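Enquirer: Below: one structure in structure tokens.
No value in this document is a laboratory result; all are computed from the given coordinates. As a convention, Cβ positions derive from the backbone with ideal geometry for all residues, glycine included, and neighbour counts pool all protein chains shown.
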Amino acid sequence: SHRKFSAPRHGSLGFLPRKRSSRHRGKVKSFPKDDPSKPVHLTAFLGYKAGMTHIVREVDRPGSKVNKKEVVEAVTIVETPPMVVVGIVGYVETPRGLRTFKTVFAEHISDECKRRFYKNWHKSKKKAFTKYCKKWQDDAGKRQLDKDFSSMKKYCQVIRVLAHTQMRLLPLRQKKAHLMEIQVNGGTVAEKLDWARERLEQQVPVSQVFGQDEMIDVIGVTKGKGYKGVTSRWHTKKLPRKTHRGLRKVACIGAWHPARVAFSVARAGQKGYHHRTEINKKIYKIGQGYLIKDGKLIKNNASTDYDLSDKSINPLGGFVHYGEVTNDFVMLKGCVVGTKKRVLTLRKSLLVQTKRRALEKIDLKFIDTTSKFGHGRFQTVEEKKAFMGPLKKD
Amino acid sequence: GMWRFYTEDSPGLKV
Amino acid sequence: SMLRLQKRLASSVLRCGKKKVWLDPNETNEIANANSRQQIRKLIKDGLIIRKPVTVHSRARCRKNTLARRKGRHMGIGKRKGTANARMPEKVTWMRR
Amino acid sequence: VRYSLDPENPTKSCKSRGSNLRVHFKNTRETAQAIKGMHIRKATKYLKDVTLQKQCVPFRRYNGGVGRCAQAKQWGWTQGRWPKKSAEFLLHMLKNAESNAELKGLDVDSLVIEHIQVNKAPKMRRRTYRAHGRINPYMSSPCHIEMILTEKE
RNA sequence: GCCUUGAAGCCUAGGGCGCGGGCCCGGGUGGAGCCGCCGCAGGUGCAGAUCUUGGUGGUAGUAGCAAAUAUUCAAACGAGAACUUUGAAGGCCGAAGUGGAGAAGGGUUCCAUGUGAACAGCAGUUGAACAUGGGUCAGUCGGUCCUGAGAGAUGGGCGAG
RNA sequence: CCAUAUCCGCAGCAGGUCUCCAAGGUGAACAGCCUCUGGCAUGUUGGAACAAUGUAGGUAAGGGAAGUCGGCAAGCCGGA
RNA sequence: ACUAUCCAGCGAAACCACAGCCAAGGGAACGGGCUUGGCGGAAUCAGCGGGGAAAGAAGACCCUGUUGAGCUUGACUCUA
RNA sequence: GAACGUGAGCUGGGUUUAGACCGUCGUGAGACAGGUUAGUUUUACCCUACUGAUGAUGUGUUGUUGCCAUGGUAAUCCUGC
Ligand SMILES: [Mg+2]
Ligand SMILES: [Mg+2]
Ligand SMILES: [Mg+2]
Ligand SMILES: [Mg+2]
Ligand SMILES: [Mg+2]
Ligand SMILES: [Mg+2]
Ligand SMILES: [Mg+2]
Ligand SMILES: [Mg+2]
Ligand SMILES: [Mg+2]
Ligand SMILES: [Mg+2]
Ligand SMILES: [Mg+2]
Ligand SMILES: [Mg+2]
Ligand SMILES: [Mg+2]
Ligand SMILES: [Mg+2]
Ligand SMILES: [Mg+2]
Ligand SMILES: [Mg+2]
Ligand SMILES: [Mg+2]
Ligand SMILES: [Mg+2]
Ligand SMILES: [Mg+2]
Ligand SMILES: [Mg+2]
Ligand SMILES: [Mg+2]
Ligand SMILES: [Mg+2]
Ligand SMILES: [Mg+2]
Ligand SMILES: [Mg+2]
Ligand SMILES: [Mg+2]
Ligand SMILES: [Mg+2]
Ligand SMILES: [Mg+2]
Ligand SMILES: [Mg+2]
Ligand SMILES: [Mg+2]
Ligand SMILES: [Mg+2]
Ligand SMILES: [Mg+2]
Ligand SMILES: [Mg+2]
Ligand SMILES: [Mg+2]
Ligand SMILES: [Mg+2]
Ligand SMILES: [Mg+2]
Ligand SMILES: [Mg+2]
Ligand SMILES: [Mg+2]
Ligand SMILES: [Mg+2]
Ligand SMILES: [Mg+2]
Ligand SMILES: [Mg+2]
């Protein structure tokens, strides 16, 4: 017999194998396609998650009830030092898909990149790339490597670049770098090889990839929760109080004759630490680092054109569970996947953007640097002192 | 042996 | 070694329980060859076996607060739980009179 | 008495035995299949470590219910446990055997465990008390052991 | 007729027969009786019967060893200590008690010395276990005496008894 | 011995089995809460970590029986 | 908070033709085994409860039996 | 619709034992297709399937980076100027 009343299902079947992923770094399933009109540019970048805060800005959306007014909204802060290029890889297209055709590494590869190999760096001899680096200070290797770039101009269609991060520059306990392949999208194959062959073993900042007021994608692995039931993994009704063998359950599964359990029914297992991909996150700001002309400069991280206070992005007491940001960062609208200290991937949008809510532009007014380790009520130490006065620190 | 029911219940009931 | 017999006997001589009895943890040899009475009363006199004292239970706290309830305090409306007839009945008040 | 698999050279080998021992057959069997083929000095270290939870024994046939561990990757398996008690009684036996070899006049530090055999034995009888007036048996499961060591390096 | 120069019985990748029921040889073990023909006689041939008696498996090294707030440090005996003993510290019972004495019932469980097979659903140097020895004293404390509700002989009556 | 181990319940079984004695404090009180005299080692084993479902306890913004056969259970009031 | 979970130590039971991936077809008319197709990869850990027309009790409902017993009376034959 | 889906998933209001009350019937024990009140709902640790978790075949060993078969699959309606 049929169901008395009607209702929709609980959960999507798209995200079905709710298993804990086989990775810790976001993989990119698909990159944007490439017009051979464009100049040569990149598509993605690695950054880490620090923290969250909120922001005031002014609004010029016409036809609204909030126009020519101020609004308050949250953000996320993402730390992003400049990456480093080490290697090249060229692909080819075949009726079975793609195929990796040939690759090249550079002559000098720092140790923080070599720790990505060598599970146990402590009792190793560190004999990686020792023989491959000997055909750079050589004669036939100059003939041997350069007979290969010619092939890649001829028998390939897709170019990708290997880059890694700089992990000395962070407060974390970790020292291993993260590698990733990035696609070069531009005019033609020969250009991209020349562009890259020059750019090899050099640094790449963020302002050479992204700009202000741009929608992107964010790719990262969510936050673990462990083994859970169905009233947390799938959000079913709690049964009433008068049940005998438990309450936080789903009662019926199937009927008799399809005498098998179907994958459409709720079960009790893992939750969190999954892979996800989100779209259309805005960039509001790109911040500089700490740097030295003759002394320090930590203003322009967090000084609008209006407040004009010598303040940084860092709160009082620092960012919780993370540390202290001393580097260039980006500032996203809203929220993201994953815990703090986690590695994120930032990809350009694969679509066209014509909606006003994307095309608009922004100019900030105020940023909040209260401490999040309680109920912060002061922006800076200086105001904290001028208000209260001299304490027993005399 | 094992017990398995009270004899005034008689689990299979169909009048 | 074992000393439960020696404990039991000393209780009966001192007329205290077994929780009030002190044995010397160092002179255990000389106690274990005390499998009788008159092997024991020697040892009490020598000082190896002692009756502990009572654990203190004091009364200054009560004597103090009662010395206030005489003057009047700790007797308000919010310290009373039984009817007046229970605290001081009428029949008694009549007979005194 | 009469062993199984009488040896190949009765002059370069020793032997030992036990009967009617209050250990579990199942754990003890497995511990024997892991110690087999070893040099004796290696094995004494192996069995101290089990007692201290630094190595393990893999349960491969008698594995119903048994749990997962990290030390059984050396053996090429997942499961593992630390049967202390069986280890000791095996150790007491190696002493008896090692001495007999010294008595026959053999090179002690070149000896190999060739053949260990374990078998079941008569079962002891207790009872346990259950509901509705019922009784059930709380039986025991002991073991015999016999073993042979030879001189080969 | 066969046989301690080895009977029955049992095992057997061995050699063979008969359509089949079944049988004959060969090898090992074992230790004292056994078979073929013609007739006679019968407690005479098992896959089962929610068959009867005994034994053994998967289950399974699984379910379990969760009612009542709580243990720790050192030393001693000892082959040997999460659990014995001594001391110290922290805690519970809270006088209608987890305290000190007795009726009914049990019957040596009581006390010392020794033991560590078995039992004490883990262990134990401990035990209400095992072994060997010891222990209950009345003119006045109880019984014994009296009768109670009631049971029950004599004489008599009845009844096959 | 006379009972969460010497009695009956197949068993050292959360069951059941006649009586005597009976302190300090609060308070109307042999109620319940803490303590002294006298007794014990947490009631047929322990260590590590804090997933799911459970059993016993609790709390919840705003609304207040719309839930359900049914205000079932819980909660409010509570002494003088 | 006690468990369940992992480790040391001790360690049972009910149940069991052989066993254990599906659709349709026919068949004692609703198959794990047959037929035509789909397909098929060691050994295992915590759970949950769709199937095994899952376990228990030679169906108390209904019928039959020239099988019974409790109760009533204006059934039949007898009696204190 | 799916054993008039789904009780080792709930509940147990009704119906359908044992006690009992009224009306109608039967001389009567008792009956009602009439009404009313109170009334024990057992077991998963097995095989499979399902969800999650280790591992396995081979590639001389071991590690880093990556492609894709195959399978799932998601966005939907209303108002206002
Ligand atoms: Mg519908
Ligand atoms: Mg219920
Ligand atoms: Mg905070
Ligand atoms: Mg029991
Ligand atoms: Mg009983
Ligand atoms: Mg003879
Ligand atoms: Mg005969
Ligand atoms: Mg016969
Ligand atoms: Mg038979
Ligand atoms: Mg037959
Ligand atoms: Mg277990
Ligand atoms: Mg308990
Ligand atoms: Mg007493
Ligand atoms: Mg007493
Ligand atoms: Mg008595
Ligand atoms: Mg024991
Ligand atoms: Mg005694
Ligand atoms: Mg209390
Ligand atoms: Mg304990
Ligand atoms: Mg007890
Ligand atoms: Mg509320
Ligand atoms: Mg309602
Ligand atoms: Mg409703
Ligand atoms: Mg109520
Ligand atoms: Mg379990
Ligand atoms: Mg089928
Ligand atoms: Mg059909
Ligand atoms: Mg079947
Ligand atoms: Mg089922
Ligand atoms: Mg029948
Ligand atoms: Mg019948
Ligand atoms: Mg007839
Ligand atoms: Mg009768
Ligand atoms: Mg008549
Ligand atoms: Mg139905
Ligand atoms: Mg049921
Ligand atoms: Mg069902
Ligand atoms: Mg009802
Ligand atoms: Mg009735
Ligand atoms: Mg597809």
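Enquirer: Filter the range A:117-170 down to residues that are within 30 Å of residue A:318 (Cα to Cα), surrounded by 14 or more Cβ atoms within 10 Å (Cβ to Cβ) and out of contact with any helix residue (DSSP H, G or I) (no Cβ under 7 Å at 6 or more places or on another chain), then give me how many there are.
Expert: 4
Enquirer: Residues in the range A:136-184 that are among the hydrophobic types (A, V, I, L, M, F, W, C) and under 22 Å from residue A:208 (Cα atoms): how many?
Expert: Our first condition is that a residue be among the hydrophobic types (A, V, I, L, M, F, W, C); within the range A:136-184, this holds for A:136, A:140, A:145, A:149, A:152, A:156, A:158-159, A:161-163, A:167, A:169-170, A:172, A:177, A:179-180, A:182, A:184.
Going one step further and asking which of them are under 22 Å from residue A:208 (Cα atoms), we end up with A:158-159, A:161-163, A:167, A:169-170, A:177, A:179-180, A:182, A:184.
The qualifying residues number 13.
Enquirer: I'm trying to understand the selection: among the residues of the range A:1-43, which are among the aromatic types (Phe, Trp, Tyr), farther than 28 Å from residue A:177 by Cα and in contact (Cβ under 8 Å) with a residue 60 or more places away in the chain?
Expert: Here is the first cut: in the range A:1-43, the ones among the aromatic types (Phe, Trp, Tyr) are A:5, A:15, A:31.
In the following step, the residues that additionally are farther than 28 Å from residue A:177 by Cα were identified as A:5, A:15.
A:15, the sole residue that qualifies.
Enquirer: Among the residues of the range D:114-153, write down those that are away from chain B (no Cβ under 14 Å), part of a loop (DSSP other than H, G, I, E, B) and over 13 Å from the mean Cα position of the chain (by Cα).
Expert: Pass one, the range D:114-153, residues away from chain B (no Cβ under 14 Å): D:114-129, D:137-153.
Now restrict to residues that are part of a loop (DSSP other than H, G, I, E, B): D:121-126, D:138-142, D:152-153.
D:121, D:122, D:123, D:124, D:125, D:126, D:138, D:139, D:140, D:141, D:152, D:153 - these are the residues of the range D:114-153 that are away from chain B (no Cβ under 14 Å), part of a loop (DSSP other than H, G, I, E, B) and over 13 Å from the mean Cα position of the chain (by Cα).
Enquirer: For the range A:63-71, state whether one or more residues are assigned to a strand (DSSP E or B), more than 14 Å from chain D (Cβ to nearest Cβ), out of contact with any helix residue (DSSP H, G or I) (no Cβ under 8 Å at 6 or more places or on another chain) and more than 16 Å from ligand 1 (Cβ to nearest atom).
Expert: Within the range A:63-71, the subset assigned to a strand (DSSP E or B) is A:70-71.
From what is left, the residues that are more than 14 Å from chain D (Cβ to nearest Cβ) are A:70-71.
Filter once more, so that each one left must be out of contact with any helix residue (DSSP H, G or I) (no Cβ under 8 Å at 6 or more places or on another chain): A:70-71.
Next, only the ones that are more than 16 Å from ligand 1 (Cβ to nearest atom) stay: A:70-71.
Within the range A:63-71, one or more residues are assigned to a strand (DSSP E or B), more than 14 Å from chain D (Cβ to nearest Cβ), out of contact with any helix residue (DSSP H, G or I) (no Cβ under 8 Å at 6 or more places or on another chain) and more than 16 Å from ligand 1 (Cβ to nearest atom).
Enquirer: For residues that are surrounded by fewer than 18 Cβ atoms within 10 Å (Cβ to Cβ), in a strand (DSSP E or B) and hydroxyl-bearing (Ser, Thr, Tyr), tally how many sit in the range D:8-27.
Expert: 1
Enquirer: Against the condition more than 16 Å from ligand 2 (Cβ to nearest atom) and in a loop (DSSP other than H, G, I, E, B), how does residue D:49 come out, does it pass? I'd like the intermediate steps shown before the answer.
Expert: Working: more than 16 Å from ligand 2 (Cβ to nearest atom): yes; in a loop (DSSP other than H, G, I, E, B): no.
When the stated conditions are applied, residue D:49 does not pass them.
Enquirer: Just one of (1) more than 14 Å from RNA strand H (Cβ to nearest atom); (2) in a loop (DSSP other than H, G, I, E, B); (3) of a type in the set (A, V, I, L, M, F, W, C) trips up residue A:52, so point out which.
Expert: (2)
Enquirer: Just one of (1) under 22 Å from residue A:159 (Cα atoms); (2) in a loop (DSSP other than H, G, I, E, B) trips up residue A:119, so point out which.
Expert: (1)
Enquirer: Now for a different question. Tell me, yes or no, whether the range A:2-19 has at least one residue that is part of a loop (DSSP other than H, G, I, E, B), within 25 Å of the chain's Cα centre (by Cα), away from every other protein chain (no Cβ under 14 Å) and within 16 Å of RNA strand F (Cβ to nearest atom).
Expert: Yes, the range A:2-19 has at least one match.
Enquirer: Another question, if that's okay. Report yes if some residue within the range D:96-104 is exposed (fewer than 14 other Cβ atoms within 10 Å of the Cβ) and farther than 24 Å from residue D:153 by Cβ; otherwise report no.
Expert: There is no residue in the range D:96-104 that is exposed (fewer than 14 other Cβ atoms within 10 Å of the Cβ) and farther than 24 Å from residue D:153 by Cβ.
Enquirer: Related question: Restricting the first residue to the range A:310-327 and requiring it to be free of Cβ contacts under 8 Å to residues at least 24 places away in the same chain, which pairs with a second residue that is surrounded by fewer than 18 Cβ atoms within 10 Å (Cβ to Cβ) and outside any loop (DSSP other than H, G, I, E, B) meet a Cβ separation below 9 Å and a spacing of at least six or different chains?
Expert: Partner pairs satisfying both residue conditions: A:310/A:382.
Enquirer: Additional query: Is it the case, given these coordinates, that residue D:76 is in contact (Cβ under 8 Å) with a residue 60 or more places away in the chain and over 19 Å from residue D:151 (Cα atoms)? Quick ask: steps written out before the conclusion?
Expert: Values: in contact (Cβ under 8 Å) with a residue 60 or more places away in the chain: no; over 19 Å from residue D:151 (Cα atoms): yes.
So residue D:76 fails the test.
Enquirer: Mind listing whichever residues of the range C:47-66 are among the charged types (D, E, K, R) and within 15 Å of residue C:14 (Cα to Cα)? Working first, answer last.
Expert: Looking only at the range C:47-66, we keep the residues that are among the charged types (D, E, K, R), and these are C:51-52, C:59, C:61, C:63-64.
If the condition is that a residue be among the charged types (D, E, K, R) and within 15 Å of residue C:14 (Cα to Cα), then C:51, C:52 are the ones that fit.
Enquirer: Could you check the range A:122-146 and list, in sequence order, the residues that are under 30 Å from residue A:169 (Cβ atoms) and part of a loop (DSSP other than H, G, I, E, B)? Can you show your working first?
Expert: So in the range A:122-146, the residues under 30 Å from residue A:169 (Cβ atoms) come out as A:122-130, A:132-133, A:136-137.
Listed by number, the residues that qualify are A:122, A:123, A:124, A:125, A:126, A:127, A:128, A:129, A:130, A:136, A:137.
Enquirer: Among what's in the range C:10-43 and is aliphatic (A, V, I, L, M) and in a loop (DSSP other than H, G, I, E, B), pick the residue that is farthest from residue C:55 (Cα to Cα).
Expert: C:34
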